[PDB]
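Only one chain is given next, in structure tokens, and it is the form deposited in one PDB entry.
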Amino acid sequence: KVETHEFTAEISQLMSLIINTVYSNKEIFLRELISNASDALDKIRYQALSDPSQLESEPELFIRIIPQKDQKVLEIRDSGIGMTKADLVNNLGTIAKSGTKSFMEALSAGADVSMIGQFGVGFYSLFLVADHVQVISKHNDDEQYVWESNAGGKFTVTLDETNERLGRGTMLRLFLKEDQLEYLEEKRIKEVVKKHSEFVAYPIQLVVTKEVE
């Protein structure tokens, strides 16, 4: 059951700008997504202070990076508060019009792409390294859904009947560009995490697949 929706024009504009920029420090995308994951974890932790039962859907609080070399996909999963179906339509491709507009003005004046997070739209930095993204999300008291975009003007939201269950949280599935496959490598991922994400309150877990020999 696939619903199609249109991006707020300014958000479409930003995605095209980012997916085409030739910027040289693309590794900062990972800091931005980890930062979004930390913030989502802050929110479920806030609710859990009043109501500890909110954690029961996924009791471990974590950020997990899962390279899928077979698929040329990098996944970033958290057990944060997550997003309902309405959130996915709204937060993504509607809200943040204001931040996208200001960021684009700053870019024209010379701003570093790396200050995207200061306008609240660092999520879209993923298009530095990916040409296609799926956002899978599960909020307490709603079903699991998949939001999907290819940096054009349309996105879809679907009940998720094909991915592992998240329990609670969000998983971004980045379909990496052919020149950015370095971010599937354990050594590269560790470098970037250690450089740019030292002060994160939650464990950052790296899933690595090794042959037994």
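Numbers for residues come from their place in the sequence shown, where the first is 1. By rigid core we mean the largest C-alpha set that fits within 1.5 Å across both forms.
Mean C-alpha B-factor is higher over 180-188 than over the other stretch, the pair under comparison being 36-44 and 180-188. Comparing the deposited coordinates for 147-155 and 160-168, the stretch with the larger average C-alpha B-factor is 147-155.
For the set 84, 79, 108, 71, the PDB entry puts the maximum C-alpha B factor at 108. When the CA B factors of the chain's modelled residues are split into thirds, the value for residue 137 lands in the lowest one. Among the modelled residues of its chain, residue 55 has a C-alpha B-factor that falls in the highest third according to the deposited record.
Annotation for residue 11: C-alpha temperature factor in the highest third relative to the rest of the modelled chain, per the entry. In the deposited entry, the Cα temperature factor of residue 130 places it in the middle third of its chain's modelled residues. Residue 193 sits in the middle third of its chain by CA B factor, as recorded in the PDB entry.
Although not depicted, the form deposited in another entry is the subject of the following passage.
For the residues 177, 188, 154, 45, superposed on the rigid core between this form and the one not shown, a C-alpha shift of 2 angstroms or more shows up only at 154. For residue 95, a C-alpha deviation of 2 angstroms or more is recorded between this form and the one not shown after rigid-core alignment. Core-superposed comparison between this form and the one not shown: CA of residue 113 displaced by 2 Å or more. The rigid-core alignment places the CA of residue 205 less than 2 Å apart between this form and the one not shown. Relative to the shown form, the CA atoms of residue 12 and residue 127 are brought 3 Å or more closer together in the other form. Between residue 178 and residue 12, the Cα spacing is smaller in the other form than in the shown form, differing by no less than 3 Å.
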